[PDB]
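What follows is each chain in one-letter form.
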Amino acid sequence: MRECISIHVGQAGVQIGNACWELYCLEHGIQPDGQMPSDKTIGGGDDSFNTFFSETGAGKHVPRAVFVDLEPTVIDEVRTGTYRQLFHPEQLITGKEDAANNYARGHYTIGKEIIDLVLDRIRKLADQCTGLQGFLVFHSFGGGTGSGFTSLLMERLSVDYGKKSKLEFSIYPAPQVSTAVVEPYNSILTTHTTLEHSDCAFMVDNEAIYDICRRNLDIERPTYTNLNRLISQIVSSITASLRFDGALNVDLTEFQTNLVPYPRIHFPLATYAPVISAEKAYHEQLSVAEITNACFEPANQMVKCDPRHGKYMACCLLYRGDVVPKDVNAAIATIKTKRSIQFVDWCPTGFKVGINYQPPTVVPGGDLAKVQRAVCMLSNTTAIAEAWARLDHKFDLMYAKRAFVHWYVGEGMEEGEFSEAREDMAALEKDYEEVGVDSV
Amino acid sequence: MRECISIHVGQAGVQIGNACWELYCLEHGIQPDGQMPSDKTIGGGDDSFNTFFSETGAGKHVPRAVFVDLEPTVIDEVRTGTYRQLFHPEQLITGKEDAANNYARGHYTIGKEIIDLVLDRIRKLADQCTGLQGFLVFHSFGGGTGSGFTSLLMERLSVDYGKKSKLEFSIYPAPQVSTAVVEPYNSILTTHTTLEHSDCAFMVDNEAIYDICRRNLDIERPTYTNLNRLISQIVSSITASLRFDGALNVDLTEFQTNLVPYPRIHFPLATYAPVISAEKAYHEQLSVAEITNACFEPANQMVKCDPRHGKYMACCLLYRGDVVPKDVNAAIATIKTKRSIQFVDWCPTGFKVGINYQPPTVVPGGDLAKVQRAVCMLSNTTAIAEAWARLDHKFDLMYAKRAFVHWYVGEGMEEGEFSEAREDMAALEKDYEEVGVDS
Amino acid sequence: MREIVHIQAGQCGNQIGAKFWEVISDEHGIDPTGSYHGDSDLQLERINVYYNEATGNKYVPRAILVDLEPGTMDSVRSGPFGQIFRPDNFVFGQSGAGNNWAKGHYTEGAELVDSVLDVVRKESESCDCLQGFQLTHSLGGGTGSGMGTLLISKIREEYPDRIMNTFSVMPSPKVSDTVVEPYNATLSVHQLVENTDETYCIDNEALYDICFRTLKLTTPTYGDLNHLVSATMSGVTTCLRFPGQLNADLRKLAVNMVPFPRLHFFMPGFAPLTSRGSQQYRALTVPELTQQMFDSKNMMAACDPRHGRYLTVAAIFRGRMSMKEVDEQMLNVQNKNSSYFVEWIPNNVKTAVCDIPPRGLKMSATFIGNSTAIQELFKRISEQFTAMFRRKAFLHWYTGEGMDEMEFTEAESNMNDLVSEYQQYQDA
Amino acid sequence: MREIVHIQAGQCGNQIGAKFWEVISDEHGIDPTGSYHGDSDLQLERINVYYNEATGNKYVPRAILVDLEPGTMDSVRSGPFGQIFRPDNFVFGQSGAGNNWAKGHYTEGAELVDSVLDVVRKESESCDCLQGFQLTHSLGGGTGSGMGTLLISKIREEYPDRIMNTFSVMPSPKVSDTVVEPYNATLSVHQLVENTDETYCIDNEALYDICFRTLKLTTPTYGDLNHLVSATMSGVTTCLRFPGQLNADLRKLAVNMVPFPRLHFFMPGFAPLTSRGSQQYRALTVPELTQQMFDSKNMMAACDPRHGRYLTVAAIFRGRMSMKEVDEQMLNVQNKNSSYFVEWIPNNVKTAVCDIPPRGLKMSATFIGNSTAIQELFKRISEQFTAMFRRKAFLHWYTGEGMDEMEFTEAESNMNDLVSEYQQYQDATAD
Ligand SMILES: C/C(=C\c1csc(C)n1)[C@H]1C[C@H]2O[C@H]2CCC[C@@H](C)[C@H](O)[C@@H](C)C(=O)C(C)(C)[C@@H](O)CC(=O)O1
Ligand SMILES: C/C(=C\c1csc(C)n1)[C@H]1C[C@H]2O[C@H]2CCC[C@@H](C)[C@H](O)[C@@H](C)C(=O)C(C)(C)[C@@H](O)CC(=O)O1
Ligand SMILES: Nc1nc2c(ncn2[C@@H]2O[C@H](COP(=O)(O)OP(=O)(O)OP(=O)(O)O)[C@@H](O)[C@H]2O)c(=O)[nH]1
Ligand SMILES: Nc1nc2c(ncn2[C@@H]2O[C@H](COP(=O)(O)OP(=O)(O)OP(=O)(O)O)[C@@H](O)[C@H]2O)c(=O)[nH]1
Ligand SMILES: COc1cc2c(c(OC)c1OC)-c1ccc(OC)c(=O)cc1[C@@H](NC(C)=O)CC2
Ligand SMILES: Nc1nc2c(ncn2[C@@H]2O[C@H](COP(=O)(O)OP(=O)(O)O)[C@@H](O)[C@H]2O)c(=O)[nH]1
Ligand SMILES: Nc1nc2c(ncn2[C@@H]2O[C@H](COP(=O)(O)OP(=O)(O)O)[C@@H](O)[C@H]2O)c(=O)[nH]1
Ligand SMILES: [Ca+2]
Ligand SMILES: [Ca+2]
Ligand SMILES: [Ca+2]
Ligand SMILES: [Ca+2]
Ligand SMILES: [Mg+2]
Ligand SMILES: [Mg+2]
Ligand SMILES: [Mg+2]
Ligand SMILES: [Mg+2]
């Protein structure tokens, strides 16, 4: 009941999916062959972990997930890796030719050849559900498949599932690990296209994650592997409310009510603490107060922006591990008197708290120290608009000269689609301004 | 024998009725069984007690009474109680849900549905009367049933038995006891609708009975049982002339003749003496002069008011026990010289005296001590108009804000009835002022 | 006036309702299986007001359990006294109401409502002479607020002449689940004003303040708040459940407590409330109960009664005590605060005494006030509503379920009229 | 897989093509017989891009050898890896082309083009997923420049959505004294500007100057020039042949490197290039490599990047090195030369690192630049064309095959336009 189907699109979506499902398996005690010794319900159940795993008669716990990519090399690693026995072959869909970092190819030329097959597999997953709650979609902004195919997919899902809720986990481009100079184009196009079809979207700034790995983890040159293990910790914290239950656990949809005051303003800022290496964790024991203060340090955000220069519209704190409410309350009382936390005048100044008692988990060979308690903060702040502004600026620099545009026109797109998307971004920035202005 | 029919309406009427019929049976030596050994005429007779009791061929003596309540829990007590065998089922009429302290609900909503059954049961008792003189009606002012249903009943009795007399025993609301906020409303509404259908009404103020029980019976917190046993002693004093051989107040018309010169001013003040605690071992026996003086003490009255600041229209002294006329005349001679007793100019300054030789009976296990002589004074004095002033003032306070009025309009009554009743009360206070004052 | 049909809806409605049934079942000597094991026939004289009799001297609560998600009612089945409820009176959906009044009232709720009415109708049919209904719910969520008020409207349609009585929990930022609570509560109050005869306003802000300031609990849980609610619900219903010098029912209570049809929102209160642990054994006295029962800090809906006037007051004392001392104390309390009681309703304070104290206490007192200071409560919600509504924040959760802004504007206007009505009698 | 079809036309095309196959066969562990004998599995992960897998574990170059004269064919066949090429993929004529572009493009070449297309089709039909074609040829002669650009047109008509990639050797008088080379080149650039998606400009003038001035070689031979070509071709195809993230196929490279369809002519460079005497006393480091592949004298096109602006740049490092250091060095060089990079294309320098170094080097670096300064190359060929066309020298040589004079005028005006475009984007500002 309340099942969630995860959809991993493109290299970023797939590799992040890999990280997440390995971590989920560790958190629930599911082995790489799908067996879950601790589950005495054989063939099914209504446990909290069933929101994410279906069960076969032979006792296998199978991710409610589809992995999709327009070329095979990335999914082939899943097909031959440690968790290859976890997924049914039908959940892993690949084409033969990718989108060449081109949104036009992902949404049209190549995407149209595989979209129906993908929807058919999603339908098979949906039919196994007694109360499908919605979808979680993992993709990059910059790739041709992550942008174009994801947009196409979201539009088709709005047709087949109506207003059934669709959440995004989106990789926002950063120069340090960038693979295309056209990532700003793809980013603006996909954001314009999916804006109406997404209910909530968690952006992960690759530069922010890169910086956190370098600073807090003492990793000289962080790879995708480093970044993805951190990202999965954030995703796990966000979905823990769906996968575990407890007296003080709060469902993600309850937070979602607080996080989205208007349909378009649906981009929460995530912060996660503590991020610390084993070497540095061997000495300090980080208290509830310490990790909560960490949440209001700009260097710990998943998107580079300055919340001090914006206004808050919602703050949710998602604790997991050894945390009792008395200590949360005392911590929050401290932050309210030491930090510059300005709310809009139309929204109550209050922190929404959820606590999961299951301790954070680390993957063996990881870089994160095992800690006793952790917190993920989700806030809706106008400061996240800074991220849109930087992207829009790169778009404008190239689009004034129409650089690289012929690659999109050649694949059937028109310049009108570009200026449409950019005006929608301009309106989004103006929206973030209006919600911040004091009432009359 | 001219027969009299008692109607007990609502909780207060029913519980007071229980107490009265218990006391009647004790006074006439009628067993809870219904047998009366002293009655040698089996299955009939023309004795004075036959005015209140019928007879069966089996020697059962049946109260000429009817009990009506719109909910069953109070009459159930009559059914499963000591004198359960006295009555037969046709005499106890119960409903399902009550009038909720709402005059309109008792008169209009629920009364409409049960009035014909009640009159049918009354017609059955009247059909066994060779010469019915009229009705004695017991009810509270404040209850929804006691006020609303009673007034509907009085209207119908005036239609079905136009010639017969109707007497009221009415319980005036008092906070010290158990009153609902809207009792003043019900009190004025019922007084207005009943005014022209009642010939003589005996008001008992719960506040006065309460204080008599505390002061003279040393009862810390009087219950309904204490109050009703004292009230029934008063009621017994008033009806004894109808239940025993005698020549004063021997039929219901005589109550009106002796006590009510003006029909509207038909609210006699009852004063009773002595009230002696049954716990007091050594009590000195009061003389005729002493109990007769007590008849002029405000503390002994059924309504707290000051007869000194009013005018008398009639006075009736009813003695029970060891009393001779000589001592009554001596007592009257003294009281007239030591008290402020002013009568209206258009009446004689006099006293109607009645002596019943049989002494007051006290319920075994009650609060009242057996005495050798008692007196109940019935006086038509304008001082009782104080009771109306108090009531009308409370009415004005709520009605000025239309407080609670929606409860009454919701049952089909018009807001105008409120004003009509209040003007009728203003006229009643003015009538008293004319009879009693001399600017 | 005998039977009351009880309905509990949503998470808060079912949690407080479950405690209500635990507490009064203990008082009436009913064990979690429905068998009587008490020592007094006082316990059974009016047991039929809230319980039906089955076979084997079994007593079954005349209670209907409603929710749009199964979680809370599974907790109720698993909790203490879970076995006591009629299995067929559990009516629940699977979708939930997402803390959304519109979902509870118009879309998800509309699909479940007829099933609930089948159970209500079946229970009413078994009543010798049905008095009316009591409903437990919160106003800040979706099921209790939205579907509870939908249920009330349907029941009034099928039983227009019965008393509708609710125990309604008001939201507060101090104990809040979502920001949209002021929307859900304003929409519900508009329904209550129109379709209930008596509503006990149980304010989560006051419950929190009592647990914090008075009982010295740093981290108040819903369990603490609900123990306060259970004690107040037991006290207010005492007169209905036990024999005494008062043969009352819901209708006589309403006629005496509600002078104007819209002003039917009561301010409940309980005494004693004492923090641990020394005083816990100290004998409490009638003067202390009476003074504590009238203290503003002891009220379960906090609207300092000193800022308003009392239209009516009912007070219920429980345990063996001196009724003379009770009278003296109530009289002196009135004499000491008679500026706080409207002079145009004579004798507007009524006292009742019941011999059976609640479990765990030698004596207690329960307050029920119809005070104009309740306006502060509606004013508080009104401000939270307008701060958001003026910017139309969060409206999309409601507009997406079919509602439009006019309905919000209407509810807000109706509630401001209620405030100014209460204000009108505060100065008369 | 994502297969590439290789085509080599003419003398130059077949010489540099053959060395290309020799060098990458060594890097992937393929012996001259076509058997695999390497050690690392990275050698076979993407072997399919350039090799078919036949029976017996043999690997056959997906290559087509074309010429208008039987010569070379034999030298290729009697060379180091001659027995590795598929016998049916040799398509040769006899008449020759005599360094006459018209003979290659319109007459004798046209007579042979259909035989070549059948082999192209036969190789393509067996590709699991063909990505495009690469052609090696010269612009100075007749077969490679003339018949090569004809092959390009014919292939572009049957596979219009595939990438057309060329390695085009530019003519210089310091290496070839054949007089009509300036004409042949201009006719070829006219074709390349319109029918190829990406063209590596391999300049014989620059290869000559690197050998003379940097390697200090008295008399540079074609073997020297071709060793530079083979090192560059190895580098610029590293990302295609080994597992990697950046520029992993022809289309992603083009999408990253070609901001405007006509400006698709790349300027390659290689590092290290060290004179024999200095190698012993010159450290081989990441800062050394980065500094040197941005040096104007190290470009394999005779031009000065300091004279123009970089539209886009791809840099590829090979061998065991520190990713942190590469990142720091590449940013350093962009910071210290910022004015040389157009400001309206953010993040226009992309960097890949492959762990497998080329033969004989601990580490190397390959530069692929799309710079406006390449206009200098097209100006040089334009100068030599206008000094040979004003007096109509040799025109008959081409009119004798049917060509009108305007075809020379259009191929020249189109090249002047190409220069003007490079200048247009060289001067465009962002503010
Ligand atoms: C009357 C009480 C105590 C008391 C005071 S003096 C005496 C003899 N007893 C009760 C009040 C009962 O209505 C019930 C509400 C109590 C709520 C508790 C669940 C509370 O959460 C608990 C943790 C406490 O703080 C106390 C145990 C101190 C509680 O008894 C407070 C109180 O007034 O209890
Ligand atoms: C610079 C070189 C090596 C080196 C090793 S350590 C260092 C600073 N440099 C190699 C690089 C190899 O890619 C090959 C290009 C050389 C082409 C040869 C045909 C060249 O013409 C040859 C005759 C030479 O000049 C040397 C033999 C000195 C050559 O090995 C050095 C050189 O520049 O190439
Ligand atoms: N965090 C993270 N970012 C990644 C990962 N893989 C790619 N990216 C980023 O995603 C962007 C490129 O999108 P990709 O996912 O590689 O592209 P794709 O969806 O495969 O699209 P095409 O290859 O064009 O069909 C760049 O900004 C990369 O840095 C990954 O595993 N983790
Ligand atoms: N003296 C005395 N007063 C009583 C008794 N019972 C009720 N009262 C008073 O009567 C008034 C209330 O009227 P009730 O008789 O209870 O009401 P009811 O006629 O049953 O009408 P509803 O119950 O409203 O339908 C209050 O003033 C009570 O104090 C009683 O037995 N004796
Ligand atoms: C069954 O429950 C109750 C029912 C009632 C009352 C009440 O409060 C004491 C209750 O117990 C709490 C009641 C209330 C208030 C009154 O005055 C505002 C009144 O006049 C009168 C009353 C009650 N009557 C008396 C005499 O107390 C009747 C209605
Ligand atoms: N006092 C109290 N309040 C509660 C309880 N549960 C929820 N609430 C309050 O109810 C509101 C949320 O309503 P809820 O009952 O959860 O929503 P529903 O299930 O849709 O009807 C919030 O203001 C909560 O503070 C409870 O057990 N006790
Ligand atoms: N770098 C290089 N250039 C060559 C080679 N062979 C010929 N050239 C150049 O090729 C041009 C003429 O090309 P050629 O192969 O003879 O023409 P074709 O065979 O008729 O197409 C001249 O400018 C030569 O400098 C070679 O092996 N390497
Ligand atoms: Ca299971
Ligand atoms: Ca007889
Ligand atoms: Ca449904
Ligand atoms: Ca039905
Ligand atoms: Mg991919
Ligand atoms: Mg009654
Ligand atoms: Mg809830
Ligand atoms: Mg030659």
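Definitions and cut-offs
- Residues numbered from 1 in each chain as written, not as in the entry; some residues may be left out.
- Chains lettered and ligands numbered in written order.
- Heavy atoms only, no water.
- Residues with missing side-chain atoms left out of burial classes, pairs and counts.
- UniProt positions renumbered as here; feature names shortened; annotations may be inferred.
- Buried < 20%, exposed > 50% of the residue type's maximum accessible area, 1.4 Å probe, protein only.
- Contact = heavy atoms within 4.5 Å.
- Donors = N, O, S within 2.8 Å, 3.2 Å for Na, K, Ca; no water.
- Tetrahedral: all angles 85-135°; square planar, octahedral: opposite > 155°, others 65-115°.
- Helix = DSSP H or I, 4+ residues; strand = E, 2+ residues; numbered from the N terminus.
- Axes fitted to C-alpha atoms, helices over the stretch in contact; angles between N-to-C directions.
- Parallel < 35°, antiparallel > 145°, perpendicular 65-115°, else oblique.
- Left-handed = near helix turned anticlockwise from the far one by under 90°.
- Domains from an automatic or database assignment.
- Buried area = accessible area lost by both parts, 1.4 Å probe.
- Salt bridge = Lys/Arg side-chain N within 4 Å of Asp/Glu carboxyl O.
- Polar contact = N/O pair within 3.5 Å; in protein donor to acceptor, adjacent residues only side chain to side chain.
- Nonpolar A, V, L, I, M, F, W, Y, C, P; charged D, E, K, R; others polar.
- Near = heavy atom within 4 Å.
- Areas by Shrake-Rupley, 256 points an atom, 1.4 Å probe, with all protein chains shown as cover.
- Pairing = 2+ DSSP bridges.

Student: Can you walk me through the UniProt feature "binding site: Mg(2+)" in chain C in this structure?
Tutor: All names here are of chain C. The sites that UniProt annotates as "binding site: Mg(2+)" are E69. A relative accessible area of 37% means that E69 is categorised as partly exposed. Setting aside residues up to four positions removed in sequence, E69 forms contacts with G93 and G96.

Student: Looking at this structure, how should I read the coordination of the calcium ion (ligand 9)?
Tutor: Tetrahedral coordination by four donors puts the ideal angle at the metal at 109.5 degrees, and octahedral coordination by six puts it at 90 or 180 degrees. Residue and element names in this part refer to chain B. The protein atoms that coordinate the calcium ion (ligand 9) are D39 (OD), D39 (OD), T41 (O), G44 (O), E55 (OE) and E55 (OE), at distances of 2.4 to 2.6 Å. Between the six donor atoms coordinating the calcium ion (ligand 9), the angles at the centre fall across 50 to 152°, so the site counts as irregular. Counting the intervening residues between successive donors of the calcium ion (ligand 9) yields the motif D-x1-T-x2-G-x10-E.

Student: Just to check I follow, could you spell out the UniProt feature "binding site: GTP" in chain C for this structure?
Tutor: Residue and element names in this part refer to chain C. Per the UniProt entry, the sites bearing "binding site: GTP" are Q11, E69, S138, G142, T143, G144, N204 and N226 in this numbering. In three dimensions, the annotated residues from a span of 216 residues occupy distinct locations, with a maximal C-alpha spread of 22.9 Å. Looking at the element boundaries, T143 is found in helix 5 (residues 143–158). If we skip the residues at most four places from it in the chain, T143 touches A9, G10, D67, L68, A97 and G148. As for its position among the elements, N226 is in helix 8 (residues 222–236).

Student: Help me understand the packing of helix 13 (residues 385–399) of chain A against helix 15 (residues 415–436) of chain A, please; the structure alone is not making it clear to me.
Tutor: Helix packing for two helices is described by the angle between their axes and how far apart those axes are. Residues and elements named next belong to chain A. The contact between helix 13 and helix 15 brings their axes to 10 Å, and the two run at 150°. With respect to helix 15, the axis of helix 13 lies roughly antiparallel. Here helix 13 runs over helix 15; the crossing is left-handed. Every residue of helix 15 that contacts helix 13 at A385, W388, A389, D392, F395, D396 and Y399 is listed here: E415, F418, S419, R422, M425, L428, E429 and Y432.

Student: Would you explain the domain arrangement of chain C in this entry?
Tutor: Residues and elements named next belong to chain C. Entries for chain C in the domain assignment read domain 1 (1–259), domain 2 (260–373) and domain 3 (374–428). Using C-alpha coordinates to define each centre, domain 2 is positioned 31 Å away from domain 3. Facing the 17 residues of domain 2 at the interface are 13 residues of domain 3. Carbon and sulfur atoms supply 57% of the area that domain 2 and domain 3 bury against each other, a total of about 1500 Å² over both sides. If you sort the residues of domain 2 by the area they bury against domain 3, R262, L263 and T372 come out on top, with a joint share of 39%. There are one salt bridge connecting domain 2 and domain 3. Close ionic contact of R262 with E421 constitutes a salt bridge, the shortest N to O distance being 2.6 Å. At the boundary of domain 2 with domain 3, the tally comes to ten residue pairs in polar contact. Classifying every residue of the side of domain 2 that touches domain 3 gives eight nonpolar, six polar and three charged.

Student: I would appreciate a short explanation of the site of ligand 1 in the present structure.
Tutor: All names here are of chain C. Inspection of the region around ligand 1 gives 15 residues, with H227, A231, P272, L273 and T274 positioned closest. Contacts to ligand 1 include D224, whose side-chain N or O atom sits 3.2 Å from an oxygen atom. Backbone polar atom of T274 to an oxygen atom of ligand 1: 2.8 Å apart, as the coordinates give it. Considered on its own, ligand 1 offers 680 Å² of accessible surface; in the complex 82% of this is hidden by protein. Counting residues per element, the shell around ligand 1 draws most heavily on helix 8, which supplies four residues. Looking at the shell around ligand 1, its residues break down into nine nonpolar, four polar and two charged. In terms of domain composition, the shell around ligand 1 takes at least three residues from each of domain 1 (1–259) and domain 2 (260–373).

Student: What is the right way to look at the environment of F404 of chain B in this model?
Tutor: Within the fold, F404 of chain B resides in the loop between helix 12 (385–399) and helix 13 (405–409). Spatially, the C-alpha atom of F404 of chain B lies 48 Å from that of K336 of chain B, the residues being 68 residues apart in sequence. If we skip the residues at most four places from it in the chain, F404 of chain B touches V181, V182, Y185 and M398 of chain B together with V255, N256, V258, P259, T312 and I345 of chain C.

Student: Sorry if this is basic, but what is going on with the sheet that holds strand 7 (residues 165–172) of chain A here?
Tutor: Residues and elements named next belong to chain A. One open sheet accounts for six strands, arranged 5-4-1-6-7-8; its pairing is parallel. Either end of the sheet is taken by a strand with one partner, and the two such strands are strand 5 (92–94) and strand 8 (200–205). This sheet shows a mean twist of 15° between the axes of neighbouring strands, independent of strand direction. Taken together, the three bridges between strand 4 (residues 65–69) and strand 5 define a ladder with parallel strand orientation. Directly across from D69, in strand 5, lies its bridge partner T94. Its contacts with the sheet place helix 2 (residues 73–80) against strand 4 and strand 5, and it is angled at close to 155° to strand 5.

Student: Is there a simple way to explain the interface of chain B and chain C in this structure?
Tutor: One widely used convention gives an interface's size as the accessible area the parts lose upon coming together. Counting from both sides, the interface comprises 24 residues of chain B and, opposite them, 26 residues of chain C. Carbon and sulfur atoms supply 58% of the area that chain B and chain C bury against each other, a total of about 2400 Å² over both sides. The largest contributions to the chain B side of the interface with chain C come from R221, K401 and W407 of chain B, which together make up 25% of the buried area. Our count for the chain B to chain C interface comes out at four salt bridges. Salt-bridge contacts for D327 of chain C lead to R221 of chain B; the nearest nitrogen and oxygen are separated by 3.3 Å. Summed over the shared surface of chain B and chain C, the result is twelve residue pairs in polar contact. Broken down by element, the residue count for the side of chain B that touches chain C peaks at three residues, all from helix 12 of chain B. A class-by-class count of the residues in the side of chain B that touches chain C yields ten nonpolar, four polar and ten charged.

Student: What exactly am I supposed to notice about the domain arrangement of chain A here?
Tutor: All names here are of chain A. Domain annotation of chain A identifies domain 1 (1–268), domain 2 (269–383) and domain 3 (384–437). Distance from the C-alpha centre of domain 1 to the C-alpha centre of domain 2: 23 Å. Between domain 1 and domain 2, the residue contacts involve 40 residues of the former and 40 residues of the latter. In this structure, the connection of domain 1 to domain 2 is made through six salt bridges. Here domain 1 is connected to domain 2 by 17 residue pairs in polar contact. If you tally residues by element for the side of domain 1 that touches domain 2, the top one is helix 8 (residues 224–243), at nine residues. Of the residues belonging to the side of domain 1 that touches domain 2, the class tally is 25 nonpolar, seven polar and eight charged.

Student: Even after reading the chapter, I still don't get the site of ligand 6, so can you show me in this structure?
Tutor: Residue and element names in this part refer to chain C. Of all residues adjacent to ligand 6, which total 17 residues, the nearest are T143, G144, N204, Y222 and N226. Contact distances for ligand 6 include 2.8 Å between a nitrogen atom and a side-chain N or O atom of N204. Protein contacts shield 96% of the accessible area of ligand 6, which totals 570 Å² for the unbound molecule. Secondary structure elements with two or more residues in the shell around ligand 6: helix 1 (10–27), helix 5 and helix 8. With four residues, the top contributor of residues to the shell around ligand 6 is helix 1. Looking at the shell around ligand 6 residue by residue, the class counts come to five nonpolar, ten polar and two charged.

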